[PDB]
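Heads up, upload36.cif below (mmCIF, N, CA, C and O atoms):
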```
data_data
#
loop_
_atom_site.label_atom_id
_atom_site.label_comp_id
_atom_site.auth_asym_id
_atom_site.auth_seq_id
_atom_site.Cartn_x
_atom_site.Cartn_y
_atom_site.Cartn_z
N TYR H 495 65.10 38.23 28.79
CA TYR H 495 66.19 37.94 29.68
C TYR H 495 67.50 38.48 29.17
O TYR H 495 68.10 39.35 29.80
N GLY H 496 67.97 38.00 28.00
CA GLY H 496 69.21 38.46 27.44
C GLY H 496 70.35 37.49 27.68
O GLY H 496 71.04 37.10 26.74
N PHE H 497 70.54 37.00 28.92
CA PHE H 497 71.60 36.05 29.19
C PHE H 497 72.93 36.47 28.62
O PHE H 497 73.32 35.93 27.58
N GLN H 498 73.63 37.45 29.24
CA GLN H 498 74.95 37.84 28.77
C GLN H 498 75.74 36.57 28.62
O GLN H 498 75.76 35.70 29.49
N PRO H 499 76.38 36.45 27.49
CA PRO H 499 77.00 35.22 27.09
C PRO H 499 77.86 34.56 28.13
O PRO H 499 77.63 33.39 28.43
N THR H 500 78.90 35.26 28.59
CA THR H 500 79.87 34.79 29.54
C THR H 500 79.50 34.98 30.99
O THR H 500 79.99 34.24 31.84
N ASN H 501 78.70 36.02 31.28
CA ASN H 501 78.45 36.56 32.60
C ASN H 501 77.62 35.77 33.57
O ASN H 501 77.97 35.68 34.74
N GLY H 502 76.50 35.16 33.14
CA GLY H 502 75.54 34.69 34.10
C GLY H 502 75.96 33.53 34.95
O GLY H 502 76.37 32.48 34.45
N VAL H 503 75.96 33.73 36.29
CA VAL H 503 76.03 32.61 37.17
C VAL H 503 74.65 32.02 37.25
O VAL H 503 74.45 30.83 37.04
N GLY H 504 73.68 32.87 37.67
CA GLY H 504 72.25 32.71 37.72
C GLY H 504 71.63 33.05 36.40
O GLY H 504 70.52 32.65 36.11
N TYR H 505 72.32 33.92 35.65
CA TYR H 505 71.98 34.54 34.40
C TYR H 505 72.00 33.62 33.21
O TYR H 505 71.74 34.09 32.10
N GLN H 506 72.47 32.37 33.33
CA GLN H 506 72.55 31.58 32.13
C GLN H 506 71.29 30.80 31.89
O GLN H 506 70.50 30.53 32.80
N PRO H 507 71.05 30.47 30.64
CA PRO H 507 69.86 29.74 30.30
C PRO H 507 69.97 28.32 30.77
O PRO H 507 70.91 27.63 30.37
N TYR H 508 69.01 27.85 31.58
CA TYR H 508 69.01 26.47 31.93
C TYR H 508 67.91 25.87 31.14
O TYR H 508 66.73 26.09 31.42
N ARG H 509 68.28 25.11 30.09
CA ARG H 509 67.26 24.55 29.27
C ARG H 509 66.60 23.50 30.09
O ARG H 509 67.22 22.50 30.44
N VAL H 510 65.31 23.69 30.40
CA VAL H 510 64.66 22.76 31.28
C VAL H 510 63.61 22.01 30.53
O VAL H 510 62.69 22.60 29.96
N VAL H 511 63.73 20.67 30.51
CA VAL H 511 62.73 19.85 29.90
C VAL H 511 62.05 19.15 31.03
O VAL H 511 62.70 18.60 31.91
N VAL H 512 60.70 19.17 31.03
CA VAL H 512 59.98 18.54 32.10
C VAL H 512 59.13 17.46 31.50
O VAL H 512 58.44 17.67 30.51
N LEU H 513 59.19 16.26 32.11
CA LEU H 513 58.42 15.15 31.62
C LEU H 513 57.25 14.99 32.54
O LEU H 513 57.42 14.83 33.75
N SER H 514 56.03 15.03 31.98
CA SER H 514 54.86 14.90 32.80
C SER H 514 54.31 13.54 32.54
O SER H 514 54.14 13.14 31.39
N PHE H 515 54.03 12.77 33.61
CA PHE H 515 53.57 11.44 33.37
C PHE H 515 52.10 11.34 33.61
O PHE H 515 51.60 11.73 34.67
N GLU H 516 51.37 10.81 32.60
CA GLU H 516 49.95 10.70 32.68
C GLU H 516 49.55 9.28 32.43
O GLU H 516 50.01 8.65 31.47
N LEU H 517 48.69 8.73 33.31
CA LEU H 517 48.12 7.42 33.15
C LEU H 517 46.64 7.64 33.12
O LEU H 517 46.11 8.45 33.88
N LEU H 518 45.91 6.93 32.24
CA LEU H 518 44.50 7.21 32.11
C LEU H 518 43.71 5.93 32.20
O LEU H 518 44.06 4.95 32.85
N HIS H 519 42.51 5.97 31.60
CA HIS H 519 41.67 4.81 31.54
C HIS H 519 42.30 3.85 30.58
O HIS H 519 42.24 2.63 30.76
N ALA H 520 42.93 4.42 29.54
CA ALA H 520 43.47 3.76 28.39
C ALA H 520 44.73 3.00 28.64
O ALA H 520 45.39 3.07 29.68
N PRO H 521 45.00 2.23 27.63
CA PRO H 521 46.17 1.40 27.56
C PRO H 521 47.41 2.23 27.43
O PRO H 521 47.35 3.31 26.85
N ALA H 522 48.54 1.74 27.98
CA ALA H 522 49.75 2.51 27.95
C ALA H 522 50.31 2.54 26.56
O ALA H 522 50.38 1.51 25.90
N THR H 523 50.61 3.75 26.05
CA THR H 523 51.28 3.91 24.78
C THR H 523 52.77 3.84 24.93
O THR H 523 53.46 3.26 24.09
N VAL H 524 53.32 4.47 25.99
CA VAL H 524 54.75 4.47 26.16
C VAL H 524 55.05 3.58 27.32
O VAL H 524 54.53 3.78 28.41
N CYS H 525 55.91 2.57 27.11
CA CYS H 525 56.16 1.60 28.14
C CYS H 525 57.61 1.25 28.13
O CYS H 525 58.33 1.54 27.18
N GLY H 526 58.08 0.59 29.22
CA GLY H 526 59.46 0.23 29.37
C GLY H 526 59.79 -0.85 28.39
O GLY H 526 58.92 -1.50 27.80
N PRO H 527 61.07 -1.01 28.20
CA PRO H 527 61.58 -1.96 27.25
C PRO H 527 61.81 -3.35 27.72
O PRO H 527 61.86 -3.62 28.92
N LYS H 528 62.04 -4.19 26.71
CA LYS H 528 62.31 -5.58 26.60
C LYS H 528 62.22 -6.36 27.83
O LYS H 528 62.90 -6.15 28.83
N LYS H 529 61.25 -7.28 27.69
CA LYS H 529 60.97 -8.38 28.52
C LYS H 529 59.57 -8.83 28.30
O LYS H 529 58.76 -8.70 29.21
N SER H 530 59.21 -9.37 27.11
CA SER H 530 57.91 -9.97 27.05
C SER H 530 58.20 -11.42 27.26
O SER H 530 58.80 -12.06 26.40
N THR H 531 57.79 -11.99 28.42
CA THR H 531 58.15 -13.35 28.71
C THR H 531 56.98 -14.25 28.47
O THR H 531 55.87 -13.80 28.19
N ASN H 532 57.22 -15.58 28.56
CA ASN H 532 56.16 -16.52 28.34
C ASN H 532 55.24 -16.44 29.51
O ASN H 532 55.65 -16.51 30.66
N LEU H 533 53.93 -16.29 29.23
CA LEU H 533 52.98 -16.20 30.29
C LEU H 533 52.75 -17.58 30.81
O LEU H 533 52.64 -18.53 30.04
N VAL H 534 52.69 -17.73 32.15
CA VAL H 534 52.47 -19.01 32.75
C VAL H 534 51.16 -18.93 33.47
O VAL H 534 50.84 -17.92 34.09
N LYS H 535 50.36 -20.02 33.42
CA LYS H 535 49.05 -19.98 34.01
C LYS H 535 48.98 -20.94 35.15
O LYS H 535 49.79 -21.87 35.26
N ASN H 536 48.00 -20.72 36.04
CA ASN H 536 47.71 -21.57 37.16
C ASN H 536 48.91 -21.75 38.04
O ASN H 536 49.20 -22.87 38.46
N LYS H 537 49.65 -20.67 38.34
CA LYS H 537 50.76 -20.80 39.23
C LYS H 537 50.99 -19.47 39.88
O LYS H 537 50.79 -18.42 39.27
N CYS H 538 51.40 -19.48 41.16
CA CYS H 538 51.63 -18.26 41.88
C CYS H 538 52.86 -17.64 41.32
O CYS H 538 53.95 -18.20 41.42
N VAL H 539 52.71 -16.44 40.72
CA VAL H 539 53.86 -15.78 40.17
C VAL H 539 53.68 -14.32 40.37
O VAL H 539 52.59 -13.83 40.66
N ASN H 540 54.81 -13.58 40.28
CA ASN H 540 54.84 -12.15 40.33
C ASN H 540 54.55 -11.73 38.92
O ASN H 540 55.05 -12.35 37.98
N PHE H 541 53.72 -10.68 38.72
CA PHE H 541 53.42 -10.33 37.35
C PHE H 541 53.43 -8.84 37.17
O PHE H 541 53.16 -8.08 38.09
N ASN H 542 53.81 -8.41 35.94
CA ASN H 542 53.83 -7.02 35.61
C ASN H 542 53.23 -6.86 34.24
O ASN H 542 53.85 -7.24 33.24
N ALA E 27 11.54 25.04 19.90
CA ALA E 27 10.81 23.98 20.63
C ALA E 27 11.75 23.11 21.39
O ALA E 27 12.93 22.99 21.03
N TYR E 28 11.26 22.48 22.47
CA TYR E 28 12.14 21.67 23.25
C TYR E 28 11.48 20.34 23.46
O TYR E 28 10.25 20.23 23.40
N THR E 29 12.30 19.29 23.66
CA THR E 29 11.74 18.00 23.89
C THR E 29 12.37 17.49 25.14
O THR E 29 13.40 17.99 25.58
N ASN E 30 11.75 16.47 25.76
CA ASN E 30 12.29 16.00 27.00
C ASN E 30 13.28 14.92 26.70
O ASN E 30 12.93 13.88 26.13
N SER E 31 14.55 15.15 27.07
CA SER E 31 15.54 14.12 26.91
C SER E 31 15.56 13.46 28.24
O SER E 31 16.30 13.85 29.13
N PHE E 32 14.73 12.41 28.40
CA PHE E 32 14.55 11.91 29.72
C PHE E 32 15.84 11.44 30.35
O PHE E 32 16.43 12.14 31.17
N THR E 33 16.27 10.22 29.98
CA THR E 33 17.42 9.54 30.53
C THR E 33 18.72 9.68 29.78
O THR E 33 19.79 9.53 30.38
N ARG E 34 18.67 9.92 28.46
CA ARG E 34 19.82 9.71 27.61
C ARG E 34 21.01 10.56 27.92
O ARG E 34 20.94 11.54 28.65
N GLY E 35 22.17 10.14 27.34
CA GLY E 35 23.40 10.86 27.47
C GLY E 35 24.37 10.19 28.41
O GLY E 35 25.38 10.80 28.77
N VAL E 36 24.11 8.95 28.86
CA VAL E 36 25.05 8.32 29.75
C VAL E 36 26.06 7.54 28.96
O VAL E 36 25.71 6.89 27.97
N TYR E 37 27.34 7.59 29.37
CA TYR E 37 28.37 6.85 28.69
C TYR E 37 29.34 6.34 29.70
O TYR E 37 29.35 6.78 30.85
N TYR E 38 30.20 5.38 29.30
CA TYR E 38 31.15 4.81 30.22
C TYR E 38 32.14 5.88 30.55
O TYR E 38 32.79 6.44 29.67
N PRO E 39 32.26 6.17 31.81
CA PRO E 39 33.15 7.21 32.26
C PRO E 39 34.58 6.91 31.97
O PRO E 39 35.33 7.85 31.72
N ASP E 40 34.97 5.63 32.02
CA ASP E 40 36.35 5.32 31.79
C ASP E 40 36.47 4.06 31.01
O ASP E 40 35.47 3.43 30.65
N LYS E 41 37.72 3.71 30.68
CA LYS E 41 38.11 2.53 29.96
C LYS E 41 37.93 1.32 30.82
O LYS E 41 37.71 0.22 30.31
N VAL E 42 38.04 1.48 32.15
CA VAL E 42 38.05 0.38 33.07
C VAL E 42 36.77 -0.39 33.07
O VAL E 42 35.67 0.16 33.03
N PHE E 43 36.91 -1.73 33.13
CA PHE E 43 35.80 -2.63 33.17
C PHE E 43 35.43 -2.85 34.61
O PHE E 43 36.30 -2.92 35.48
N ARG E 44 34.12 -2.93 34.88
CA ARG E 44 33.64 -3.18 36.21
C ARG E 44 32.43 -4.04 36.05
O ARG E 44 31.77 -3.99 35.01
N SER E 45 32.11 -4.87 37.06
CA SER E 45 30.94 -5.69 36.88
C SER E 45 30.22 -5.81 38.19
O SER E 45 30.83 -5.86 39.25
N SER E 46 28.88 -5.85 38.11
CA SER E 46 28.03 -6.06 39.24
C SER E 46 28.39 -5.13 40.35
O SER E 46 28.45 -5.55 41.50
N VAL E 47 28.63 -3.84 40.05
CA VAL E 47 28.94 -2.96 41.13
C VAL E 47 28.34 -1.63 40.82
O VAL E 47 28.17 -1.26 39.66
N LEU E 48 27.98 -0.87 41.88
CA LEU E 48 27.46 0.44 41.62
C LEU E 48 28.56 1.39 41.95
O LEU E 48 29.02 1.47 43.09
N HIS E 49 29.02 2.13 40.93
CA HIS E 49 30.14 3.00 41.10
C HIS E 49 29.68 4.40 40.87
O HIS E 49 28.79 4.64 40.05
N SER E 50 30.27 5.36 41.61
CA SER E 50 29.87 6.73 41.44
C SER E 50 31.04 7.46 40.86
O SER E 50 32.19 7.22 41.25
N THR E 51 30.78 8.36 39.90
CA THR E 51 31.83 9.11 39.30
C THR E 51 31.30 10.48 38.99
O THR E 51 30.10 10.71 39.05
N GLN E 52 32.21 11.43 38.67
CA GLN E 52 31.77 12.75 38.33
C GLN E 52 32.38 13.11 37.02
O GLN E 52 33.61 13.11 36.87
N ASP E 53 31.54 13.43 36.02
CA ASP E 53 32.00 13.83 34.72
C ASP E 53 31.00 14.80 34.18
O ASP E 53 30.08 15.21 34.89
N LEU E 54 31.18 15.22 32.91
CA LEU E 54 30.23 16.12 32.32
C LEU E 54 29.20 15.28 31.65
O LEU E 54 29.48 14.61 30.66
N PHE E 55 27.95 15.33 32.15
CA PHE E 55 26.91 14.51 31.60
C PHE E 55 25.74 15.39 31.32
O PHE E 55 25.72 16.57 31.68
N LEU E 56 24.72 14.82 30.65
CA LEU E 56 23.52 15.54 30.38
C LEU E 56 22.64 15.31 31.56
O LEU E 56 22.35 14.17 31.93
N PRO E 57 22.20 16.37 32.17
CA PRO E 57 21.38 16.24 33.34
C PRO E 57 20.09 15.62 32.94
O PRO E 57 19.65 15.84 31.81
N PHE E 58 19.47 14.83 33.84
CA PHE E 58 18.26 14.15 33.48
C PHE E 58 17.14 15.13 33.35
O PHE E 58 17.11 16.17 34.01
N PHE E 59 16.20 14.80 32.45
CA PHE E 59 15.02 15.60 32.23
C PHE E 59 15.41 17.00 31.91
O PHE E 59 14.80 17.95 32.41
N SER E 60 16.43 17.18 31.05
CA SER E 60 16.83 18.51 30.68
C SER E 60 16.22 18.80 29.35
O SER E 60 15.91 17.89 28.58
N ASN E 61 16.02 20.10 29.05
CA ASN E 61 15.44 20.44 27.79
C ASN E 61 16.51 20.35 26.75
O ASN E 61 17.67 20.65 27.01
N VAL E 62 16.13 19.91 25.54
CA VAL E 62 17.06 19.87 24.45
C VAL E 62 16.43 20.71 23.39
O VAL E 62 15.21 20.82 23.34
#
```
Can you present the structure in this file as structure tokens?
Amino acid sequence: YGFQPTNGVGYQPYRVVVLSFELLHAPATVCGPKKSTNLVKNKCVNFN
Amino acid sequence: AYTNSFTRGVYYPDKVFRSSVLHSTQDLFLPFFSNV
């Protein structure tokens, strides 16, 4: 490419990072943060 | 020489637990009655 330093409108490097999300049979390794709450049993509740 | 690998080579296709159900899946398996 070359990417002339000052010149590129279209010509500049766009560092592109792409995150691909994969879910499998297995347990999640990467998960969202904080909120392990007390599990409640025998009651209608929303659960995640 | 070859021997008859009658049934063997089946494994759980996934991590998921299932019970009392007949499930169909497609993976790479050893075909039945194949020569080994």
Should the cut-off be 7 Å, what would the residue list for chain H against chain E look like, counting all atoms listed in the file, as a compact mmCIF listing (two decimals) with N, CA, C and O atoms, in the frame of the given file?
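The resulting result_34.txt:
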```
# COMPACT_ATOMS: atom_id res chain seq x y z
N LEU H 518 45.91 6.93 32.24
CA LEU H 518 44.50 7.21 32.11
C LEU H 518 43.71 5.93 32.20
O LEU H 518 44.06 4.95 32.85
N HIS H 519 42.51 5.97 31.60
CA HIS H 519 41.67 4.81 31.54
C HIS H 519 42.30 3.85 30.58
O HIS H 519 42.24 2.63 30.76
N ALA H 520 42.93 4.42 29.54
CA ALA H 520 43.47 3.76 28.39
C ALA H 520 44.73 3.00 28.64
O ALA H 520 45.39 3.07 29.68
```
Residues returned when the PyMOL selection byres ((chain E and resi 62) around 6) runs on this file, as a PyMOL selection string: chain E and resi 27-31+60-61
Can you measure atom O of residue H:526 to atom N of residue H:542 for me? One decimal in Å is fine. 11.8 Å
Between atom CA of residue H:495 and atom CA of residue H:508, what is the distance, to one decimal in Å? 12.0 Å
Could you tell me how far atom CA of residue E:47 lies from atom CA of residue H:521, in Å and to one decimal? 22.4 Å
Report the centre and edge lengths, in Å to one decimal, of an axis-aligned box enclosing every atom of stretch 43-61 of chain E listed in the file, padded by 4 Å on each side, as lines of an AutoDock Vina configuration file.
```
center_x = 25.9
center_y = 7.3
center_z = 34.9
size_x = 30.1
size_y = 34.7
size_z = 24.3
```
